């Protein structure tokens, strides 16, 4: 029983189903493979096409999943899609009314076309199963919990008909107890509010990071006009006929004006974030109080995108409403894609479930066999120096104890947004200045936001207040208080209100990462590291060896540890050996606008990425000429000869484009097919 789970939209690599398809139209595309009821592989398409939360069809994700399973496409018994067919097709139909030149291709025909063209797979119609959206969520959240029954709450922006759903789960049976309609969306409320902070889709976590800096009392009575808690776990959100945003009209009427790009957060902005976070907490605890009492259940699984609000999750943990709480590492739509595979297996009879509670999110493609890794790092030699220590973990622990910030890349990439010891950046958690330091190091701007700690299972209760319910901490799903007498010791990872989003690593959840944190604890007396994701501000979490080396060379980390190899950048890295390649969305443009007296105006050159929200950058006439000659095989240095050679100015210009990922820059060739490592 080999079942593929699919979520996302249907766009090709280089174009979208309609031009500039909005970033929220079926996002976080991913592919998941289950076999005999176990999740054998899962990866988000964003890791492979390098577009954060991409909506594009997850063709590469499917290819990677089939290879991790040793399967041909034709081996797949069924395909589950995370929305009902009529809903996705009606939304596509609406996009087609807005773009009358777009050919009428609905979801079943598009899925069949992408798989046939992209993999030579003729998918028979009877193998494609469409699934109710919150049902897919609930299966993913509950089947990995290891509980034999639970109350299951799903909250997100919306499924086909609901913004929230409540189930009772028993064995492999879901029974729906309640639902909440689309206009009551809490994910909708949170995203509406996020826009008022100069932020957008995918920035909700930054708003949650900002909330503890604010006073929730300032706007408490304003938000109280936008919701009413009601009897029997009900609630209302009070809409308006002015604009498609629940929040902006009332706040505008009271003089609140939205933050502009590059403007610093005012006290009003911090307070707004606080009252927003308090509002959603109050509503969800209202829901859960009613359904805990009504169902009588002591266990909760919480899924949907709203369940990535780890602040909310820590409040649920401390509420005493439940004895146990489980949250999946991918509770957003990538996890609904996984859940859609289980629902498809159930639809076709044979629903087999995982034998254990999920402990490791390490489920994507690996970096490769060590012989092809060694070989590929040699291709990077003009830019890096490599050491091959005898005990890389031991060396890494000492470097960390000496105060260096490390890139840490091992094995299979994490499913879901948190890095957990496979595509991570780690450093000493004690020094508070590591916050400003490592933020500048990776060109990010979340200094207001602390980093997440990782602690050994053994030491976990020596530093963190896990009490209340028994929650799962292998994925940083919960904010917990830092013990008051350890707060000053844990300066980099403790928030302004004394809390932290802790990963508890165990020998079972991640053996190598556990050994690393334990070893550092032996060396310093503090078995706590900070653990942030391995990516700069212009990319999702790095996936391949080439991605890892690129991100290392374009950030200011001290050392990279990748599959026992110690990597450092040469004193003068030779960019000229790198072969530039366009990404499928790269566009290179010379533009003339209108000028004064109706002349042809200013003539500028730019590079940009052709997707909704994609970045763009000005380029010099010289680099424009160089990049226009990119052929995918000639090196940057050889291409630069046509404009006089790779000057220091050009190399610096190229490097800044590299940092923003406008195009691929890597040595010639590639690492080759990922090795069958026998696991």
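Residue numbers count along the first chain shown, from 1. What we label the rigid core is the largest C-alpha set whose atoms superpose within 1.5 Å from one form to the other.
- The stretch that strays farther, by root mean square C-alpha distance over structures and residues in 6 other deposited structures of this protein after a rigid core fit, is 594-602, when 152-160 is set against 594-602.
- Taking the rigid core as the alignment reference, the C-alpha atoms of 347-355 lie farther on average from the displayed form in 6 other deposited structures of this protein than those of the other stretch among 484-492 and 347-355.
- 179-187 and 548-556 differ in mean CA B-factor, and the higher of the two is recorded for 548-556.
- When the C-alpha B-factors of 117-125 and 429-437 are averaged, 429-437 comes out higher.
- Within the selection 286, 72, 356, 225, the deposited Cα B-factor values reach their highest point at 356.
- Highest C-alpha temperature factor among 335, 398, 239, 540, as the PDB entry reports it: 398.
- For residue 323, the recorded CA B-factor ranks within the middle third of the chain. Only modelled residues enter the ranking.
- Looking at the C-alpha B-factors along this chain, the one for residue 573 belongs to the highest third.
- Remark: residue 159 belongs to the lowest third of its chain, ranked by C-alpha B-factor as recorded.
- Per the deposited record, the Cα B-factor of residue 522 falls in the highest third when ranked against the other modelled residues of its chain.
- Among all modelled residues in this chain, the alpha-carbon of residue 388 has a temperature factor (C-alpha) in the highest third.
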